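Notes follow the structure.
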Amino acid sequence: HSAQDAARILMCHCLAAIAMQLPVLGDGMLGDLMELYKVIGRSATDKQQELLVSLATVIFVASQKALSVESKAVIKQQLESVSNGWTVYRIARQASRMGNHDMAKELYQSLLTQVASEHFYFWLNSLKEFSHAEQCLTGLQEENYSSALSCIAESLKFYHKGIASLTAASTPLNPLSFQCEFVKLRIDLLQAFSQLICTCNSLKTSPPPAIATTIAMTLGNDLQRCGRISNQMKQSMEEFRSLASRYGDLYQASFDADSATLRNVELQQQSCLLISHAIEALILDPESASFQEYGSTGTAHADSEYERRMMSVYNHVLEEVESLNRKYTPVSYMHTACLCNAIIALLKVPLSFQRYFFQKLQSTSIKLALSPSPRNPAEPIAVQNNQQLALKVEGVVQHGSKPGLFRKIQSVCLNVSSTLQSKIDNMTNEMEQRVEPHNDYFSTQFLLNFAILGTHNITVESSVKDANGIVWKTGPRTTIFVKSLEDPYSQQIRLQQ
Amino acid sequence: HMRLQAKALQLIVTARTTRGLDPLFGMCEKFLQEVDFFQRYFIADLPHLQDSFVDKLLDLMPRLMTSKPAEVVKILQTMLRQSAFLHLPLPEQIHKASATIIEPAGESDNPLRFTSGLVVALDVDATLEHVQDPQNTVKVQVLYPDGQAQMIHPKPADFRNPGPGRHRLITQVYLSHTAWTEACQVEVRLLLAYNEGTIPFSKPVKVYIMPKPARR
Amino acid sequence: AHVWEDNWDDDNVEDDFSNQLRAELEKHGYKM
Amino acid sequence: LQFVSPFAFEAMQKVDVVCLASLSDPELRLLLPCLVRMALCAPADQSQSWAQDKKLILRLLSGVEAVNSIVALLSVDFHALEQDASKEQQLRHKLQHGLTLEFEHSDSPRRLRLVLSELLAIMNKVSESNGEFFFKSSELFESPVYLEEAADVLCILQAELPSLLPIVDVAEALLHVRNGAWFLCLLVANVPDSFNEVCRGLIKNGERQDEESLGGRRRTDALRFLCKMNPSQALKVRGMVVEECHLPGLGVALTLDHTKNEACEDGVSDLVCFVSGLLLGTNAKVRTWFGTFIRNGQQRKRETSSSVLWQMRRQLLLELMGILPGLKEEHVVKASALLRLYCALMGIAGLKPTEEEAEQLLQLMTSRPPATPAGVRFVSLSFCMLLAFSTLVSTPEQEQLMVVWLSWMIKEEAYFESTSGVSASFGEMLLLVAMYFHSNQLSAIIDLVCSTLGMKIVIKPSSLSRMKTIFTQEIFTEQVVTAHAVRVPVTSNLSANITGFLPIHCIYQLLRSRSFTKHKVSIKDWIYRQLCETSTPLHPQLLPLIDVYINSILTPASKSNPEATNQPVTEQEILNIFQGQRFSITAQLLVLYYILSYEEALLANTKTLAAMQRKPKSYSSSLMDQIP
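Okay, structure coming up:
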């Protein structure tokens, strides 16, 4: 209220932090910040863009819940009165960060209708489609599975459009690898959710009857209360575990994000593993499960209200499955209801598009030039196969900015293996070496032994391991073809043998 | 005490990651067995340990015999969270051992050349400082660049003792392999073994080795 | 230290890609 | 034949009894066996809501005698049927009437045995065929009269024998079956949750790069039927197609079906987006596989209008018809996207365009965009497009067309830059390609074209020789490129970090040529502005540039024409630089270099100046002692 439009940006940042910690501070006093927002236009003349961006960020933080149409109409009124495109783009990015995807969709639509260039257009268009799909996902009703799967199908159509436009935006320069892979994993998660809720609905499609017709219901041969539905549950459990493995792969290949983004990816993998453990400990053998969450959980040490919300959902699902672990037989009477409730809660918590999905920093890379006999074409390299082979791998590390923004490189675990190109897949030589780059350049000698006629492929990996000690599988992973010929005297002696 | 604490933390982590109730039971049995070994070996100094992790756990020991491993590791977790910090009594002017290889120098780009399968003898000359039982503890480790470790023991005539507590190791190390395409770097380091395991306490040196094939 | 650590809104922090987008979109400077 | 409607399939998948009541008679006739299995069999769920659902299922199950037929079929003994099936399978591993007549006359257990034997025989025949497509003919499955009850029996077999009849193997056998597309549509209608597994098995057993095979065509048609009966998951099917790199014509079919379903003329079509993402994406195997698909479609000389390639080509042509008007304002980015996709088509995928496609391409080249940075990007890509494929212009009509267009561009080069505000990247690449043509740097021509296009293609040197004959004679002369060079604005914040080929390199080469003083063009303004705007570190061309400049100021170009002389920098400008803060530090370092080299060159080469008798203004001592 009482400020003269210079310190307002600063205390807006500060109160954005404070409400980012404790959520009630925004929906407690939604109105006055909108009043300052409406007085902005004739209040400011110099840093209008900056204070507009800040106060729009905090209005999204305040309306972390569903945004009022009147309020966003007023926001659009002021933005269409006076704003830069880059400004309103930054409001849109903050909307994608907090989770106000309807407003995000509108702003992306306006920026899409202007743009100038091609990858920029496709990038804005993809962002528009994810915002629209997330709007559709937020348009969800509690305890209605048919409407939920309809909304899922609509949102999945819109991610399909978005991921197509994202692959269109992809270029050899600034390649959206993290973005495309993360949105593809989100797509696969939602497909798995749709398949799981479809099998949950088809639980009643006479699978117990098929079991009782194929074998005796008492002392079931396939399973205790056997089911093709239980087979599909096994398929879904294995698929979900593979999806969680892919999320771990995505994270360990990213390595460059800050704490918030890495934490967010960990939460998505947490959700996937939660569904896997739920379907494993409830539909499958609960006596063999015997798992109780006898550990500390529910502490408010989180860095995001989003994170707190997913964590509370996790606590709810854990307490429900721990209550329902032993109540019923494997026919899954209300087990499908518990799984559906978990799915509905996990989709009611919307999303949080994040910083490494957006502006990227501490772009570190390993060149990793091997220096064998130089194969300028793809011609394989001949070796006499009686002595040995040396490799002489080399790597130089490069940094796009101040290298130690989040993680400082400490050691480089190089990993080299062979494979029989001409078809145990030459997995004998499984070397790895932990070279420590004293300076930003390093070299290491590798020796390979092989006595096989056919061509071989040789693969190397960077395995950059940081200060506190993490795997972080990044690096080029290049391959070199190697030939293998033998002495005519050796061949003649073998023929005489 | 600190090693017991380490084993306890490792047991807690494996309990966090492990689903098998019988592997949990096995790890719990082995851990409590090692605690029993500790108290049997050190009957003494239990008054010296006050408010200690180990002595409070020895007080709560029979209930651990009674109880299931799940609550055992839960109580162990909380128990070690608010266990203690022990005092470490500083002794007199003790020293830590230090090994320095003065020969070979290892800056030589001139490789050491031989023929395939034959051996080259490489002298190792090192200074050991403040080592007890040197002829039985100090062992040479050589890393061949195809990745294998060869452990060479020195004969006890190779440990000259010019003064008090400062020794010189003068020995031969026998290096051989098949032929290589180019010169490579073989690692030489001094490992210290006890009685059970080995500890590096020397700076490694790289020596250029290149075997030729047979001349005819 | 700055007022708010997770600040996406800062000039010199932002990278090459939407620097180019900034150049284009400041040149544009309007939304309908 | 009548396929299962998507409304019926979504009603079945959502198990909404009011929706199933809303569906009419024939689709319920198609969906009988699962519904009667629901209403008769022991329910897994015992909830009261499911009890009302079951009584409504009975309510809708009123009126059908095939219900009683399924009752008898369920009354057949499945354990005995299963063990007989197992023994017959082991024997196979180690009727005067027709099959339809035996199916009709024989009772329900014999019907089950005969359809089981046929399915198992077809499955074994496929398993021994090992992916080689054949055709298996059965009058029971090809008799249109008995298709409904035959499919009901097949549904009963699938619902009763999960382990003995894997649904994916059943799907493959019915893919070999002639009416098995309709049969499989009924099967997935009865069992909704296995739809993803069925599609995955089909695309996993599909071929890589053959849409002209009979089995590939039948698989394509079956998956088209599946995506038609479930349009919501059609894009998902497209996603698995992209993942598994099989059936690109099928992927194109899904894309065209969805762009027929959705009509959004505001944005760029999903066809353009999807094909652009495939051709220009980071996935090398996908790019190569789709390029092989386009190569096969191109080498297919038969003009088949049902081909998906001609289909999407026609759709692209119609989108270009909608785009092409003077060019409109908002269409420019869409036009540029279409241009990049077309370059992806004929460049890396090698699609030869027909004459009307080429004529429309030349029209879109010569379309005049508004003076925006988007228009600058558009005209840059257009010029690079024509340079890349000079094969598009063949006749003299388009030849004089693009000549007139390029003449209009070289009259509006600095005008476009001035209106846009951004420095003329197009004008400077025009300058670069001009001296590249003059010095025959065709490799640099190719590299700059590829870098501008953002994608690597190989371009014909003889085509560039033809374009050189077009370019270097009437469009670009020495004085023309001299005026173009002097009207090119300077490289803003020039340093050694900005790498490439630079207008400073162009100006240095031109001053080596001494063409500026030959055609009487003032260059001191350009040099002064560039050096005043320069910052640190130093681009290594600046010092030889300034040395060549000062040598050009002193030594005349020609003996016969001593008057050829560039005017030096004025001392008033030197004072304006040395007021100091307004400027950089590197700027006055270079200016100090220039003036000291100027003094030293005057007092070194004074013999030629004495022969010239045009002794220039030696700089004042006031200037000298104002410089620190």
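Chains as they are written, first to last, in the authors' numbering: chain G, 439 to 861, 870 to 943; chain D, 724 to 918, 943 to 963; chain 0, 36 to 67; chain B, 15 to 108, 122 to 352, 376 to 630, 641 to 688. Beta carbons are placed, not taken as given, at the ideal position from N, Cα and C, and that holds for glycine.
Simplified DSSP assignment, three categories, for residue i
i: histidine 902 (chain G); result: strand
i: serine 734 (chain G); result: coil
i: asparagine 853 (chain G); result: strand
i: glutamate 932 (chain G); result: coil
i: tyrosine 752 (chain G); result: helix
i: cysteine 500 (chain B); result: helix
i: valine 821 (chain G); result: coil
i: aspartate 741 (chain G); result: coil
i: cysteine 907 (chain D); result: strand
i: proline 645 (chain G); result: helix
i: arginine 963 (chain D); result: coil
i: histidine 884 (chain G); result: coil
i: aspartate 443 (chain G); result: coil
i: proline 423 (chain B); result: helix
i: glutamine 410 (chain B); result: helix
i: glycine 833 (chain G); result: strand
i: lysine 953 (chain D); result: strand
i: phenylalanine 551 (chain B); result: coil
Limits of the alpha helix (DSSP H) - the one that residue i falls within
i: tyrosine 599 (chain B); result: 592-604
i: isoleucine 529 (chain G); result: 523-536
i: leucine 892 (chain D); result: Element bounds for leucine 892 (chain D): not the alpha helix (DSSP H) but the beta strand (DSSP E), 889-898.
i: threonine 567 (chain B); result: 565-568
i: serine 889 (chain G); result: First-last for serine 889 (chain G): 887-890, but that is the beta strand (DSSP E), not the alpha helix (DSSP H).
i: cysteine 636 (chain G); result: 615-639
i: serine 801 (chain G); result: Note, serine 801 (chain G): premise wrong, no alpha helix (DSSP H); not H, not E.
i: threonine 737 (chain D); result: 725-740
i: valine 31 (chain B); result: 31-36
i: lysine 911 (chain G); result: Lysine 911 (chain G) -> not in any alpha helix (DSSP H); beta strand (DSSP E) instead, spanning 910-912.
Rounded Cβ spacing between residue i and residue j (contact assumed at less than 8 Å)
i: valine 507 (chain G); j: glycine 464 (chain G); result: With a Cβ gap of about 18 Å, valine 507 (chain G) and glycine 464 (chain G) do not count as contacting.
i: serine 38 (chain B); j: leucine 87 (chain B); result: Their Cβ separation, rounded to whole angstroms, is 25 Å, which puts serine 38 (chain B) and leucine 87 (chain B) out of contact at 8 Å.
i: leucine 306 (chain B); j: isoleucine 398 (chain B); result: 7 Å
i: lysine 840 (chain G); j: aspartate 694 (chain G); result: Not a contact, Cβ separation roughly 13 Å.
i: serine 775 (chain D); j: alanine 731 (chain D); result: Not confirmed; about 13 Å, so no contact.
i: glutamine 858 (chain D); j: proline 887 (chain D); result: Their Cβ separation, rounded to whole angstroms, is 17 Å, which puts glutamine 858 (chain D) and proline 887 (chain D) out of contact at 8 Å.
i: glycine 900 (chain G); j: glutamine 859 (chain G); result: 6 Å
First through last residue of the beta strand (DSSP E) which encompasses residue i
i: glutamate 826 (chain D); result: 821-826
i: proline 947 (chain D); result: 944-947
Test: residue i CB closer than 8 Å to a CB of chain E
i: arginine 940 (chain G); result: Checking the listed chains, one finds no chain E in this structure; the protein chains it contains are G, D, 0 and B.
If the cut-off is 9 Å on Cβ atoms, which residues from the stretch 462-487 of chain B count as contacting chain 0, listed in chain order?
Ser470, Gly471 and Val472
Entirely within the stretch 841-875 of chain D and at least 3 residues each: give me those beta strand (DSSP E) ranges in chain order.
843-852, 861-867 and 871-875
Looking at chain 0, which residues of the stretch 518-535 of chain G have a Cβ within less than 8 Å of any of its Cβ atoms?
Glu518, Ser521, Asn522, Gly523, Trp524, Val526, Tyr527, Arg528, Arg531, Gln532 and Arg535
Complete alpha helix (DSSP H) runs within the stretch 306-334 of chain B (minimum length 4 residues, chain order):
311-326
At what residue ranges does the stretch 434-508 of chain B contain a whole run of the alpha helix (DSSP H), taking only runs of 4 or more?
446-461, 463-470, 475-488 and 492-503
What are the uninterrupted segments assigned as alpha helix (DSSP H) that are 4 or more residues long and contained completely in the stretch 49-77 of chain B, given in chain order?
62-75
At which residue ranges does the stretch 758-833 of chain D contain complete alpha helix (DSSP H) runs of 4 or more residues, listed in the order of the chain?
For the stretch 758-833 of chain D, whole alpha helix (DSSP H) runs of length 4 or above, ordered along the chain, are 776-782, 784-789 and 792-804.
Under 7 Å (Cβ pairs) to chain G, residues found in the stretch 881-906 of chain D
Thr901, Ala902, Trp903, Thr904 and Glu905
Between the stretch 413-425 of chain B and chain 0, which residues of the former have CB atoms less than 9 Å from a CB of the latter, in chain order?
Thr422, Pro423 and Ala424
Taking a Cβ distance cut-off of 9 Å, strictly less, list which residues of the stretch 659-671 of chain G are near chain B, in chain order.
Answer set for the stretch 659-671 of chain G: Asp660, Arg663, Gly665, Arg666, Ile667, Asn669 and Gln670.
Scan the stretch 796-812 of chain D for residues whose Cβ lies nearer than 8 Å to a Cβ of chain G and list them as they occur along the chain.
Those residues of the stretch 796-812 of chain D that come within reach of chain G (Cβ to Cβ, closer than 8 Å) are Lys797.
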